[PDB]
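Each remark here refers to the structure printed beneath this line.
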Number of protein chains: 4
Amino acid sequence: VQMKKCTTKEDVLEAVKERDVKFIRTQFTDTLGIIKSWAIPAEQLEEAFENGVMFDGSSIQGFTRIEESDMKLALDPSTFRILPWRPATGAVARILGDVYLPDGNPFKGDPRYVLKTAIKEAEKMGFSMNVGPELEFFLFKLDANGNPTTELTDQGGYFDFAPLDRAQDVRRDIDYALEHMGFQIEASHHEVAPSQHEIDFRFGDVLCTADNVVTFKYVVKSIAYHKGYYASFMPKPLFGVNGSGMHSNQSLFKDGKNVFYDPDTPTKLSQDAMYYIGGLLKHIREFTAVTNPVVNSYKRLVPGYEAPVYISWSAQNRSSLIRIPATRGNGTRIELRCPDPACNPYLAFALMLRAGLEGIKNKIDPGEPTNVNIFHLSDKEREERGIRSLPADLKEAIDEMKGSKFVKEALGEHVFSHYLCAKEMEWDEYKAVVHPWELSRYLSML
Amino acid sequence: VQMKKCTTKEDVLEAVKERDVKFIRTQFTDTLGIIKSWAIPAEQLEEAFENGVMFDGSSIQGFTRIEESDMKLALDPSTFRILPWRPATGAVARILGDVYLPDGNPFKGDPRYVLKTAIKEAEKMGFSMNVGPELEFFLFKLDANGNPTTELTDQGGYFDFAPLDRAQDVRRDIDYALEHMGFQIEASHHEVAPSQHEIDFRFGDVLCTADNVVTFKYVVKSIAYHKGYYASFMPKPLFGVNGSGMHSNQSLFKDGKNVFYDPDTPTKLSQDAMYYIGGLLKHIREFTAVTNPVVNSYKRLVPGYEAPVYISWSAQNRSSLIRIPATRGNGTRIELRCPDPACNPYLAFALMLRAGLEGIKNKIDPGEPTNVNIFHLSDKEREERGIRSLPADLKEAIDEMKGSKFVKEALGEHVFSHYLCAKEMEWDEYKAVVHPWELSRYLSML
Amino acid sequence: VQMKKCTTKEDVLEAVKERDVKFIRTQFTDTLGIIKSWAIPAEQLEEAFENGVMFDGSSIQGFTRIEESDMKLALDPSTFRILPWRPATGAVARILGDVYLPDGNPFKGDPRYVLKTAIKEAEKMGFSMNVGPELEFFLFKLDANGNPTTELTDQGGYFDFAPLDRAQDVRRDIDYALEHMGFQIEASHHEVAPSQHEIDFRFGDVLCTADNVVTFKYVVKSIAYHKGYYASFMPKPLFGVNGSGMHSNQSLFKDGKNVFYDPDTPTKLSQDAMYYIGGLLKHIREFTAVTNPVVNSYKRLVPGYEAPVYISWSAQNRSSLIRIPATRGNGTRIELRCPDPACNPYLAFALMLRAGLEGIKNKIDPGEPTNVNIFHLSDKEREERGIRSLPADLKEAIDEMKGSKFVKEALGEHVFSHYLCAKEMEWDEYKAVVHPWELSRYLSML
Amino acid sequence: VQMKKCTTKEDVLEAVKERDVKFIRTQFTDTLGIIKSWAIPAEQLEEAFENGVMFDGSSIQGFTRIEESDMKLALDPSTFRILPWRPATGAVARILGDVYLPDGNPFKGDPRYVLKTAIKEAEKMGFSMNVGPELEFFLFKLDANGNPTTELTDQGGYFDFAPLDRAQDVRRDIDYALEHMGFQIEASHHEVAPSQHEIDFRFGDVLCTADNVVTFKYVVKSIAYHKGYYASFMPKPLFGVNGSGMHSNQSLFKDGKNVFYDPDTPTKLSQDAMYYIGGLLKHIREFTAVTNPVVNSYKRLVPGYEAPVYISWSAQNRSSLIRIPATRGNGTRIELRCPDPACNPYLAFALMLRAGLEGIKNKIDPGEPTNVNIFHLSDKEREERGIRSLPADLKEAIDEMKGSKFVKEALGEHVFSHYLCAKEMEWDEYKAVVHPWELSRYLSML
Ligand SMILES: O=C(O)CCC(=O)C(=O)O
Ligand SMILES: O=C(O)CCC(=O)C(=O)O
Ligand SMILES: O=C(O)CCC(=O)C(=O)O
Ligand SMILES: O=C(O)CCC(=O)C(=O)O
């Protein structure tokens, strides 16, 4: 909206000049998926495009150590975007960058570098990945200090209207801001859980899509904050209601044609689509710790009637792990329903790409589709069907990822080790906490 | 104290007559270790000694189903005891009983029956078990309604005096009450954690010891309640301070001689003592779910510098799972340090007895003792020494117990299945709870 | 009072029988001077007198490690005393003990053992030390929960009467209790600071005197607690008013004669008295960390007009480190004014004894006495007189103690190392704290 | 911005006339680094440029005595700057000045005079100093009366975005104001600690740089105040989070060439750079009391994992005292990381310049660089490498500065004596305070 997407640094400089841009937010994503930002003046942008932007990486989790901590951000001109919630006079813009070592080599601990490596691996087989993510978030009230709470903003449900849904203005302003940041909005609605909302944007290439995921998260948070609300991408902030997931629709392309499409097959799906699904189902347990990164992710991913915890695929069944929407042609896609919006999109999308590529290369059969309600099935029926489960908690997923040579190869040694160390520290802190539930259950019994 | 221990029902009736006993609390222990009590008049005691006391078992957890729920309690006269905190005029007494089916057979789901079966198994090899348990409990404040809290009664530490320890009167009254119930007090002190106390009573035969454990728990709770306090036997009611365990000292006897003693050996320990330790260490993972029954038990049993989570044995080392106090002769005993006071003493003591008997029968070598501080060791050093760990949470211990044929054989099918079902329901409820820790950690990040 | 002091275990057993003693508090002092107590029944006292009382030493600070943590307390019958604030029916008594290793050897980390070693060293030269300590304490209010505060109980001053001093009843009950515990009270009064009081008891042999110091501290604390007050032995609980010290009057005896007395000298002081003063003045900097153990001790020991921070000796001058009261004959004594009631009396008295013995053995001249008000002197005047200062804070005293071979020899390796480690941890925690004084001084200015 | 930097008094008068400037804030820096300001009308500015501005120096700390207290401020036209937060109509401008005695001689107690003396000393050897300081500050809430607090404005961390960082508007307005006051902003971001922010401006000549440091501090404070916040340059306002330092990047120049650069050397550093580092490392202990002036500075400078307390140098290691950024050519610089923003920039920069000049003149070898994480090293490993430590507290640094003839020569007798006297009074007041930490630690124990 009102600003054509720049491709080169010259277009970025012209846009900075003509849109009265004064501050440039040089941005990158850390290992755990948190956006890292610092502001440089627009006068320094020409020097930043040539020499990079130097920063200390020892204060960034998963990055370099304190002994060798100097790092450089190489700005990507195509990611240049003006923030619409910032003032228009002396405008503020963001540029995403790639993290580099001072010797000119890319930082292998950069998640964007991991996604680029997965993209290069796909291109070596002639494949290009398109990802359409569906992010759910909660809008909660802020307290008197403007700090986040879990207080509900409405008691609405799925597709609710009227004053049952009380965030039409917030979703409207989010949609406007996203269109200003180059998003193509498709739909926006109230989700199943109270105060839960989904805003769908158009799919794109996987690198641009992961950039869009981190951008979408911080844009939604900023717009919610300026209206007096808090936007939460916690997987399960509230008990008893629906959690927030990130349904990941993915499609493969080769020579301009959708790889997953085959008009000759009765199901209109190619053998390569089945191989991609088989690789995803084979490897999903090994990087559930990445697609579902936090302890709360497994408060969302509990067996029940909501969470895609059962490893399976189907066409229309929404109780299966993998869903294949009936769209055919260039729109043929595979939806992974396990991940939540707390995951690092670069690492998660890279790992799904690598799992699908491994399935295609090794010709992994996905098995028979599960067309029944797996939630209504019992453990005996699921055991007879061979329907396995995702890791039940963060420790189990850490253990699954630790022994995975596939995840270690796909992520690189730095990302693998630092991610596992951070998750291990998080679980070790969590596992010692005496929760109020235990006091309510045991104190007056024991 | 003041009442000689009755052995026959005639002695019980004489004591009821001469001590003005009006109410008899017929008591038993349920599957999870909770004392179950109801009061009959002393006039009905003569009929209750011949026909038993009939009760409904469908309202007792782990007991019979609602279709066949009539149950009979067969009173054991040796357990007759007058409660000292109850009024002396129209005195109140308790009798423990064995649960029987209406057809005259013992209820196989009775934990006391399980312990008696373990005792019979030991006697078939000529062994008799003596157990000395060391129970820790917390003394918390009561609220305005007299309900339990976790509010500290003092900030004292181990062996603290003065007003640093603020429960000398409560411990004094508990000691008096326990001596009235036939306990032989050995020591009483403030424990390591704030508001934590240990009262040690003399060892005895394992059946009387388990009776003493349940009696001690409810006596401490009653005495604390009448002084305006709450006695908590929760394994870990507070974070950051010491949890409460139940160190289980056990000794075996045959022909009047301590089996674990051997004056000829350099370490003054018989080969049967080593076999008992080997069986305990081999099987302890399979009934950690019994010795540590609740979710909070594994908030106590965390790797660190306090909890005996590492499967090992030693003589003086208190970082080992099994300790051998230097007492020899008839006082030679083996101390298991994993269990907490929330466990069912009948099932726990029966399982330790059966594990030790399996070790003696199969000549299981316990391996080399670990004389170093295992807490100061790293995971690499513990892996090099082969030092295994106890189950990290209740789910892992449930899984370990489920596949154990030893635990299933020792407990019987009814106790095994009902205990596992109750623990599974407990963990399934716990695992879905969104804790305030997750809100504090993730809400303003995600 | 009413109970003649027992000397043998038979006398103790007779006193237990005839005074209805039911609970025995087996007591000892840890490395930092804190009384450690646990209660055994009086029925176990005969066995405890023969085999000792076993306890875990790993939970006691400065004691053994967790790998070899079994310890035995050898009860001292002469220390047997009935606590008067405890009920008379089912009376409670205390017995102090010596800590022994299980192999029958004394524990070298026991402070009582350190004092006994100092006594043996003095006896090898024919000397016996008598110590008269003068303890000051504060009387503060209890809060609603009965926890310590610093709220003043009165605004009185030195030797104040009327309702200016509001603790005549507390001092009266303390005096009664102390007389019941074998103390010979000499005087009791309100001290200089508000809510500050001094109760003087008769001197005695140094081992009995240190026993009396720890006994006095916990007796005063208990009596204050039962009247709704808190007795604080903090060196400096309040700023701007007088701190609490422990003036240590010491006298040496040989062949029944006071060593420090000489009727032929003009000052009526023997050369051995001057040698003792010289040794004390030479070594006092090396164990100031023992006589003044905590950080708050040096908030008392600040240069000013109250604290004896200047290393000097004199006869009547109370601004000197060492004061010689004009009493002569058998009452000739040397008063060390630096220590506070927070010190371990066993270690402190042992170190003063060893410093004086080193002065006598090495013939150390104490120099000229300082008969002027050293507080009114300037730093230049004190520098010309050669008047050195005590360590300014706990860190400086720790550093002085570290390099002292005299203190290491006098305390033994275990006590030296563990005491220094505890003090180092205490100072390392203290030195990082951002105090509210810094916020008041710097926040609005920097 | 919008006002070209004046060089002569004629340019200042023209700017005053054309910008409607009515009030001139004649400003100077006192001995401890606090800006001292008073307002004269712009009509008096022509007379002030000729005769100076008379003021009373007895009310300024570190300045003249009350007997001879008349002082004159000689205005520096190059420092003329219009304050942007003051009204534009009847504009308010500042002029920095040099403090002079009435006899026309410069006041030797003026810190700006000390820096000018250091500059003259450097120019006598042909050197010119360029300093780039990196200042960290905290943004705290104001109370109801607009007084400073320590209440956090956000819980963000290093390089945080979104509403995690809640001070983008404050940083934006600070950047605008600094650009108005002649600063060239380079970067601005949220720092590691919560509510902590860093704004980087371009380096310059050392005199202009120290002027910029004091200007930056009061500009940040004014802008924060007008938005309802408090800007704190306190070294360690909060415990457990990162403190605020002032990393001092310095470069030397001779004949237009960076002295520290040498293309022939393998490390691209001249021998003079090593000499400068050696002089800095040799003398840093002697003026740590200047670079770290307050008691709180050593609550920041504690051994740990954050503070540069270990005397060492390296290239990329951020655990070293001295860092050498990889920039070469004219950008070669040496970063001293010990100082905090509470220091007097004139005295601090003068002392770093003099230490480096002494290193160059005396050919002081800096030793081997320390390329390992010194924070992860133990005291034994640091002692084997000869890695010394900075003074642990303000008293130790005062004692180090007392015996330094280098600091006395570099600062002059007046500044040296008055600075030491002020620091001595500060420490003497601090050392007597009974802190609440001591009450929490000792009151219930002693
Ligand atoms: O309801 C929404 O999703 C926001 C868009 C909209 O329809 C509106 O502006 O009300
Ligand atoms: O302190 C205790 O353990 C209770 C027994 C006792 O010594 C007392 O009565 O005070
Ligand atoms: O005032 C005192 O020290 C207590 C003793 C006394 O004189 C009294 O009982 O009032
Ligand atoms: O965030 C900042 O450092 C302030 C500058 C900026 O980017 C803005 O105006 O938002």
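A note on labels: chains of the structure tokens are A, B, ... as shown, every chain counts residues from 1, and ligands are counted from 1 in their shown order.
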* To do: Using only C-alpha atoms, determine which residues of chain D fall within 10 Å of chain C; present them as a ChimeraX atom specification.
  => /D:33-34,137,147-150,217-218,221,230-240,294-296,298-304,341-343,392-393,426,428-446
Residues of chain C at most 7 Å from ligand 3: nearest atom pair and distance in Å, only C-alpha atoms and all ligand atoms, as JSON lines:
```
{"residue": "C:167", "atom": "CA", "partner": "ligand 3", "partner_atom_place_in_ligand_line": "1 (O)", "distance": 7.0}
{"residue": "C:168", "atom": "CA", "partner": "ligand 3", "partner_atom_place_in_ligand_line": "1 (O)", "distance": 3.8}
{"residue": "C:169", "atom": "CA", "partner": "ligand 3", "partner_atom_place_in_ligand_line": "10 (O)", "distance": 5.8}
{"residue": "C:171", "atom": "CA", "partner": "ligand 3", "partner_atom_place_in_ligand_line": "4 (C)", "distance": 4.4}
{"residue": "C:172", "atom": "CA", "partner": "ligand 3", "partner_atom_place_in_ligand_line": "4 (C)", "distance": 3.7}
{"residue": "C:188", "atom": "CA", "partner": "ligand 3", "partner_atom_place_in_ligand_line": "3 (O)", "distance": 4.3}
{"residue": "C:189", "atom": "CA", "partner": "ligand 3", "partner_atom_place_in_ligand_line": "3 (O)", "distance": 5.0}
```
* Do you know which residues are within 8 Å of ligand 2 using only C-alpha atoms and all ligand atoms? Can you write them as JSON, numbers by chain? -> {"B": [167, 168, 169, 170, 171, 172, 173, 175, 187, 188, 189, 190, 199], "C": [22, 23, 24, 25, 38, 39, 40, 41, 86, 87, 90, 91, 92, 93]}
* Counting only C-alpha atoms and all ligand atoms, figure out which residue out of A:309, A:125, A:115, A:83 gets nearest to ligand 4. =>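 Of A:309, A:125, A:115, A:83, the one nearest ligand 4, counting only C-alpha atoms and all ligand atoms, is A:83.
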* To do: Might you pull out every residue within 10 Å of residue 117 (chain B), with only C-alpha atoms counted and same-chain residues fewer than 3 positions away left off, and present them as a PyMOL selection string?
  => chain B and resi 108+111-114+120-123+350+354+410-412
Considering only C-alpha atoms, return as a short mmCIF file (atom, residue, chain, number, x, y, z; two decimals) with N, CA and C atoms, in the first residue's frame whatever protein or nucleic-acid residues lie within 8 Å of residue 419 (chain B), sequence-local ones (same chain, fewer than 5 positions apart) excluded.
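For reference, around03.cif as written:
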```
data_model
loop_
_atom_site.label_atom_id
_atom_site.label_comp_id
_atom_site.auth_asym_id
_atom_site.auth_seq_id
_atom_site.Cartn_x
_atom_site.Cartn_y
_atom_site.Cartn_z
N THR B 31 -6.37 -47.59 48.82
CA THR B 31 -5.30 -47.96 47.89
C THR B 31 -4.21 -46.90 47.83
N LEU B 32 -4.58 -45.63 47.91
CA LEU B 32 -3.62 -44.54 47.80
C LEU B 32 -3.00 -44.14 49.14
N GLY B 62 -10.05 -47.24 44.56
CA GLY B 62 -9.27 -48.45 44.39
C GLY B 62 -9.94 -49.70 44.90
#
```
* **All alpha helix (DSSP H) positions in region 127-354 of chain A, as a count of residues only** => 65
* Using only C-alpha atoms, determine which residues lie at most 8 Å from residue 423 (chain A), disregarding the query and same-chain residues fewer than 5 positions distant; provide the list as a ChimeraX atom specification. => /A:293-294,394,398
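Between CA of residue 14 (chain C) and CA of residue 89 (chain C) lies a distance of 16.1 Å.
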* Using DSSP on the backbone coordinates, identify the residues of region 135-205 of chain D assigned to strand (DSSP E); present them as a ChimeraX atom specification. => /D:135-142,148-152,185-190,196-201,204-205
